[PDB]
Structures are given as structure tokens and as C-alpha cells.
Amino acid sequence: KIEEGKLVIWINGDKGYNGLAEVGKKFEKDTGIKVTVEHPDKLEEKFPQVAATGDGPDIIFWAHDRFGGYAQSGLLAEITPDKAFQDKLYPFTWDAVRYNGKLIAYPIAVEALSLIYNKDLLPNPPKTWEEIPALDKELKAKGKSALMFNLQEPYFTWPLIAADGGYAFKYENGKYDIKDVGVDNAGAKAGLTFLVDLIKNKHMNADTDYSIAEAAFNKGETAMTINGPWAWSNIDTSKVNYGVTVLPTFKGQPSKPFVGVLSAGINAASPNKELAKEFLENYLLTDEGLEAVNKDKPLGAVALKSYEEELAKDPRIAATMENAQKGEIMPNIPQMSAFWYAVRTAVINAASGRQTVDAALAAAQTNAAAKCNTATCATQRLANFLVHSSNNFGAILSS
């Protein structure tokens, strides 16, 4: 099924897969082990479909939120980095890759969405969501729009939904209560209603996706976009004069983006687990390896202390971490797949006008929530506290 003496890697197509392929080439040059990097469509859905019967890649990269589900299904090898290696990465990042108390992936970098704006069109970007409609009116008369971002993935709309009170699964006292979903409270309704009204009032199009928003911003047709570190390098090439800053407030509250830790897991069925460990620990998670990936598409705030110290002075990373501090770490519980699936459908149905905000979010609450909560082991409860600790996250924040 999976080939012995070689490595296959899956990583998302928005990441620096060519940079990662360069790291694979250095690995092959030094060790003779071929590394093949692929970026399949819907890889986060395909992985569980293929790993169950011993197929799929040796190493899978994704934000940490999906890994709990994968671990629960028996798809991931427990990783065993030694103490000396663990000490090289920020503790917070290790805490984000624990499931049932075991380390189930190597953390790579911390991601959060920021407001990206065209400094020539918009020297003083808006501090609030409320002022965007008027900004869009002014710009439309000059042949431009105010804001375009991916409306097809709920990750991008979440910061606005969470701003005034929306939440996924209630986190409290080291545990996530899967009975208690906050996608249909007053805050979530207010946030999604604001988005839907932007669309009704012709300030945004319900069909806008990642590629459309990126092309619009990068060609100078829209003054702002919402995106993560990975997007910066294409903007660099476009020569649009851009800034990266704090997301706008809504009802006076900060936007609250979900925080992701890009992570690399090892397939439980891989016969190359030690080659995977060697590649990840000794090639990728080095200054040189991370630089290779980062130069392709920026990673955000990297888990490796030594390299983060170099990246810390970048204002764009400062903005990323400011937005992250205002947001919250994604849960990694197996119920996250159902949550994302339910919220994606609700946002698209409401933005399209097929459903009211209230009906869409009521359905999403029902479909995301479990009927009753379950047990959390002590080592995991500790991990949960640690990823909710500002002082723990602060080790990276100050860099």
C-alpha cells in the first residue's frame, strides 16, 4: 500500500509546497530517501477515507483542529520526540497537538487571519466593520470595492461571527462541552446578519471564493481582503503596496479569529515512521528548512524558537499574533468535522438568501452539537488549559 524506504507528503495547496519539496530534495541528497510532496484537493477529507485501509501519505499537514478526529479513528502514529527536541519548539505549540494526552503531530507554525489592505487605495484602513458599507459606496464610484474575502469557507467569516459572542463548543475549566454550541446565540446571529446585509446591500457577492478574492486584491480592484500569512508572497509579486493589520471591530468588540497550528502527522499505517521522524525533526524543523518553506509561502509565527526570533521583527507577524491574541485556539475534538460542515452550510445558505440567518444558524446548532458531553483525561485537560493560557501563548507573542 504505502511504499517502504520513501516518503509521500500531503500539504494544502495554499501552503509552500514547493519550498517543502526543496527540503525533500535536501533530504534525498543527504540520505538517498526520495520525498514526494503532493497537494490533493480536499486532502483533509481524503486522508481519513484512504488511511483507514492503510493507504494515503506517510505525512499529512493540516491545521491542528482535524487531528483529534484522525487520532480517534486510529489514523495517526504517536510521535516520540526526545526532550532535547521538544525544548526547541514553543510549549504552546506542543500543547495544541495533544489528543487523549498523547502527542499526535509535530507543530510547525501558528496561523491567524488579519486584515490586509491596499495602502494606496486606503491609507487609513477602517477600525470597525460598521464603516465598511460607506467605504464601499465611496469606492464603487471610483471603480473599486471595499472588501473581498472567501465566503465559501466558514474559517474566514468566523472572526465576525465570534466578535459579539459566537462560539463553537463552550470551552470552560479545561474542557469543551460538546452539548453547548454557540453558533446560534445573539452574538453569532448579529455577526452573520451583518455579513448577509453587506451582501443584500451589494457591498459583497455571496459567490466570492478564495481565488476570486485573491485576484481582486492582487490586481487592485478591492481595497481590502481577509487572509492568512500564506497569502503574502503572492501579494509581494503583485507589487500592490499592502499593509497587514488588526481586524475590524464589530459592536465595539474585537473580531475573534480561530487560531490554527499547522501540524504534521504521521500515518499509523506508514512503514516509514522513523524516516518521517527524521525528516520532520532534522530537516524541516530547522532554521534552513523552515526558511525554505517560508520563502515560498509564509508560515506565520513558527514553532521553532530559533527561527521565530528572526521572524519576530516582521510587522506582518506582529499583526498576525495581535489578531491571534484577540481570537481563540481551535478545538481539536473529533466533533470539529461536523461543526465545520454545519457552519459552512449555514453561512452559504444565509449569504445566498436561501435561508434566513435564524433558520440557518438554528440548524447548524443542532447539527454541530452532541446530545451529551463525554470524559476528558487529565493529561488532555491540562493541554486544554495550556492552549487557553495567554501567558503560555505569550512565549511566542513577544518572540
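Counting begins at 1, following the sequence as shown.
Once the C-alpha B-factors are averaged per stretch, 261-269 and 127-135 rank with 127-135 first. Mean CA B-factor, 281-289 versus 76-84: the higher value falls on 76-84. Looking at the C-alpha B-factors along this chain, the one for residue 153 belongs to the middle third. Residue 357 sits in the highest third of its chain by CA B factor, as recorded in the PDB entry.
When all modelled residues of the chain are sorted by CA temperature factor, residue 331 is found within the lowest third. In the PDB entry, a CA B factor belonging to the middle third of its chain's modelled residues is recorded for residue 191. The entry lists a Cα temperature factor for residue 171 that places it in the highest third of the chain's modelled residues.
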